[PDB]
A.B. asks: 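Quick one: the structure is below, and I'll ask about it shortly.
Just so you know, these numbers use all the heavy atoms, side chains as well, and skip hydrogens, waters and symmetry mates. Letters A, B, ... mirror the listed sequences (proteins, then strands); counts begin at 1.
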Amino acid sequence: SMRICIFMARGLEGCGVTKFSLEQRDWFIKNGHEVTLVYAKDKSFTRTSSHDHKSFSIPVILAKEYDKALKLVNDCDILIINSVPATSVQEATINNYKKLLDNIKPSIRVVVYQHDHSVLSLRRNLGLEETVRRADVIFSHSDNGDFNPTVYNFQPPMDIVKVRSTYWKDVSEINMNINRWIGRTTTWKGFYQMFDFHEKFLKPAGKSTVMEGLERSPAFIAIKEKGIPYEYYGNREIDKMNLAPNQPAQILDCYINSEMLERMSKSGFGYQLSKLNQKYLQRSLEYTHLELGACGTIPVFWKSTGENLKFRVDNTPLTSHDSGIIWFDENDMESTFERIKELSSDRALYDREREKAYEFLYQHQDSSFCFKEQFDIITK
DNA sequence: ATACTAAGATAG
Ligand SMILES: O=c1ccn([C@@H]2O[C@H](COP(=O)(O)OP(=O)(O)O)[C@@H](O)[C@H]2O)c(=O)[nH]1
């Protein structure tokens, strides 16, 4: 047994790094370990309430509570750092952050996970080079990437088993006329391809489309400037949502993760159209990818992403397996629509497919396999 | 152009 301190020096953004952090805590605890979740409250974000953490996470203001922070990160056997201060923070914050790195007990094994898989990243990171100099172990999403002592690979795991046994519904309860897209307002999440698809196929067939997570950040202005039809709702107005036929895309903003899993488990189809560049592509799928195969719905993933990510077991393209995963192709959206109405009539098939994906995604990124993988390297 | 990005003010 050991004490682990998970540190998010950037703050709790409420996305994959926060998620990863929560799933990381769950696993250590599940394997009999003490975990303290600490985050720097200097900077504030929006999706702060998207994941449940308030009752156990420990905030700290680096620019003003250095000693509190020092006491915190030095009270453990293993320090895992998942994020670092952003470029928009004050000198005192980044500076005091760097001062923490220099005063971490020589005995504490410092493990650093580089969660950003974009060249654009690392630029929005401060004190990154000092974190790397003190790290005892480093993990990244890809070897053939921008980032590149010894850098190991990892996948952001999730307890897919748990999610199923909580939300997985009975086919007879899944409305085949609802298409749900989840992600956020950045172009590579594929929100345009989703708006198109609805306008060209989904809407016509009196089907419905929902898109959760599109925050009205500056990026949202492009959607407006292009005059794309949509009806906007907040989490408290999710009741006014019009799930009728031939309607425009219903857009929900920053959503609660638990609630989303519920609405999804009762949805004929779930869309995750992220299209990341193969440089930073190896084996890592994204949380929203694994949340679809787990809640019990047919997963529509971006075709070229599957063609670029390797399966954890054999190291081969994900698209070269019978996952029951519908690979969305921007250059053949009608064929993709085929495999959809198809499974949307023979609910018997739909259910023999959603079972195939869950097993596939389970074998690929469940915490049971991945964290054990990462734990062996940390303690190697 | 194209791809990626919560910037910033205010009410509660
Ligand atoms: O408004 C939102 C948007 C996303 N998420 C969750 O936050 C995580 C985001 O991680 P992912 O790897 O899917 O993408 P990222 O946002 O980190 O690029 C996923 O578990 C989503 O279900 C959420 O709870 N609310």
A.B. asks: Please report whether the ring centroid of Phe328(A) lies less than 6.0 Å from that of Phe197(A).
C.D. replies: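 Ring centroids of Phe197(A) and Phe328(A) are less than 6.0 Å from each other.
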
A.B. asks: Test the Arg184(A)-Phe191(A) pair against the cation-pi criterion, namely NZ or CZ under 6.0 angstrom from the six-membered ring centroid and within 45° of the ring axis.
C.D. replies: no

A.B. asks: Output one letter per nucleotide in nucleotides 1-8 of chain B: B when a protein non-hydrogen atom lies under 4.0 Å from the base, S when only the sugar-phosphate is that close, - when neither is.
C.D. replies: --SBBB--

A.B. asks: Does NZ or CZ of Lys275(A) lie under 6.0 Å from the centre of the six-membered ring of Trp302(A), at an angle within 45° of the ring axis?
C.D. replies: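 So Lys275(A) does make the cation-pi contact.
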
A.B. asks: If we take the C1' atom in both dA6(B) and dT10(B), what is their distance in whole Å?
C.D. replies: 16 Å

A.B. asks: Spell out, as yes or no, whether a donor-acceptor pair under 3.5 Å connects the side chain of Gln365(A) to the backbone of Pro156(A).
C.D. replies: yes

A.B. asks: Measure from NZ or CZ of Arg180(A) to the centre of the six-membered ring of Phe269(A) and say whether it is under 6.0 Å with the direction within 45° of the ring axis.
C.D. replies: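 Because its charged atom misses either the 6.0 Å distance or the 45° angle limit, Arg180(A) does not stack over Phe269(A).
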
